[PDB]
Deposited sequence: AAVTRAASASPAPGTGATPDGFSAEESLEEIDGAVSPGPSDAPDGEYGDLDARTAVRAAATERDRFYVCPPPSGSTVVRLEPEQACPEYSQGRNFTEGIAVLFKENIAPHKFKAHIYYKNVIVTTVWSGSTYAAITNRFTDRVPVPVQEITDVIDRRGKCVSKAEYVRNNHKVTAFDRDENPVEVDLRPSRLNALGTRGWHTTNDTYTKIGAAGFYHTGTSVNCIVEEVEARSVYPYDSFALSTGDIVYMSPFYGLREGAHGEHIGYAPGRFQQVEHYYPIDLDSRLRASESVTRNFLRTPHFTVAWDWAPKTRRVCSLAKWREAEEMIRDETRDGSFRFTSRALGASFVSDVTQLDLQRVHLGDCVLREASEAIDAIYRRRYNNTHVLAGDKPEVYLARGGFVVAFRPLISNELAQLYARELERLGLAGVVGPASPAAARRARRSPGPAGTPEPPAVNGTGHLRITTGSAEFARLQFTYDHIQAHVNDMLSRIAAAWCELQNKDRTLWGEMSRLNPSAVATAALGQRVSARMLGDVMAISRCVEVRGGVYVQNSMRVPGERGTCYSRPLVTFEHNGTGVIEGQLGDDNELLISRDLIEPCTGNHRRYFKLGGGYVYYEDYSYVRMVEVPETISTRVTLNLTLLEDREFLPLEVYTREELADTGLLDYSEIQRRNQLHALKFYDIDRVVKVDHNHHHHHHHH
């Protein structure tokens, strides 16, 4: 049951016009780009690894007690002993042998020891047995001298094993000490020398123990050779051994940074208060930096950057671009991106202080990229929709001005969302409200004009009442509008069926006479449908591949769990 309406004639009391076309939203100028090739450098967490050699003699003095039926070991004193630098160069290198005696200082006292307690003779250096992921080694003896029995007392045997070993060395920042595959820590920089500016490294020893030998040629101790190309060799004489390694300039062996990824399709994009954004589609990562370059000089040991960067970058240019684009500037540009990454970037042109800790994750970089990508897209495509909508609104207004001629009251009603009565005062609209009536309205069976044959009424005659208890003669208009003056008249026609609107239902008229009240179960739609649905809630539960527990348990031995045990020998 929808309302009935009487529409008083619109006087020029209120005058309105049709809202004119509006200015339609523009987009943005489209971001400025800079194509190019970039290399990403992380903080170098890796230790410095070099090869080295150990020379030590293996002093074991065992004392046995022989008796009636048995022999028993009362003692076994092992101790390692340093082979002198000359003994290395003049005997082990030159001849491949080693003196079977070790004259060393222990407890600030010059002492000695003899293999088999016999006389000092030079012995051949034989290889070891072998392996299970183990390096090279050499020794002089296969056994350790002990006591020849004859029941009675305690004889004390003395063996001496001359050992040369290939060992892998390891120094971590700041490299003022290193360590050997054998567990032994050397309290000095592997870059210490006597050269230009080496002397300025760290030594934890008396300078007599340290000694450098230039133009050394590293003899290989199996199948001999020297061979080509000489080395400056470092010798350190410790209380328990001697170590020899190849000295080289610090600045050339280690870097604080380390090449991580290359990016052939790298894109830089500046927006807002000075901020570059390096993004790689291949990687799937975005890197926000400043616009100011990194003064690479403010980095302790960062020379490998420009080196290895110029290298890779050029390698790719040869490999992908050299017939289409050209390098920009001479050197590549260098920026400190967020999260401790270093970006060396050289732009592509078509022929037409403190040190950095890299987060062990670049998760932000990819979350950036991903959001930055979608955001870009939906913003573009929604701006396109916003623009078309306005253009469509702009064009549709030509249809509405035309209709405000034939029917300015219907226009005005739609626009205002309420039933108004309107009509044109030339180029403008005069407007008034519409007042409700009750359901107490009655229709008449006759539509034929009494006073005249031939001319009938077009639309039904009604007697509607101001309230629900009166009478006024008028006729029916469109959309339940009750008119007053009864001058909607047409000539009579044969074959005359008519339907008219009344509240909710309709009314039928055959041959200008009332008949019945109809339904309208049949409809017709000019509507274009648009079923959008919502994006659903998702639940991101914690997903780790490896927990930290598992990550620690990977090792064969746990030094904490073993000391934890071996101590409890308040026991077994």
Let me make sure I understand the coverage. Which parts of the deposited sequence, in order from the N-terminal end, have no C-alpha coordinates here? 1-62, 415-461, 682-702
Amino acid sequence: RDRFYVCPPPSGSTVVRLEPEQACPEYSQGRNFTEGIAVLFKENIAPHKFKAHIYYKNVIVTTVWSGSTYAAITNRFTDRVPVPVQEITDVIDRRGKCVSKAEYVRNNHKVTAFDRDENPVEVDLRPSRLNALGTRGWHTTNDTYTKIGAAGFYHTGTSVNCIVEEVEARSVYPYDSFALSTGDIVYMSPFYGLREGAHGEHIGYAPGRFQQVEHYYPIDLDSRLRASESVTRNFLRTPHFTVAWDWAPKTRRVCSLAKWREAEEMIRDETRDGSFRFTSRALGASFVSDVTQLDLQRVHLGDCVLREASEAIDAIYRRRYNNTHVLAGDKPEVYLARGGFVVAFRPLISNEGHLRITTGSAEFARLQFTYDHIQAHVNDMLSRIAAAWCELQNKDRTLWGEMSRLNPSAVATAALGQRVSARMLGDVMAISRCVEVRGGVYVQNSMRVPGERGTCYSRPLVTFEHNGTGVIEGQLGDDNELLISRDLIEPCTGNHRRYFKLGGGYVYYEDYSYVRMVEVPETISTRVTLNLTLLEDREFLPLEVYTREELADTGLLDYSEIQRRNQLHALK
From here on, numbers count along this sequence of modelled residues.
Of the two stretches 429-437 and 147-155, which shows the higher Cα B-factor on average in the entry? 147-155
Using the B-factors recorded in the PDB entry, average over the C-alpha atoms of 315-323 and of 234-242, then report which stretch comes out higher. 315-323
Among 70, 55, 546, 540, which residue carries the highest C-alpha B-factor recorded in the PDB entry? 70
Scanning 372, 103, 184, 176 for peak Cα temperature factor in the entry gives 103
Sorting by Cα B-factor within the chain, modelled residues only, which third would residue 464 end up in: lowest, middle or highest? highest
Classify residue 396 as lowest, middle or highest third according to the C-alpha B-factor given in the PDB entry, relative to its own chain. middle
Residue 347: CA temperature factor from the record, placed by chain third, in the lowest
C-alpha B factor of residue 64, ranked within the chain: lowest, middle or highest third? highest
Assert third(CA B-factor, residue 138) within chain per record equals middle
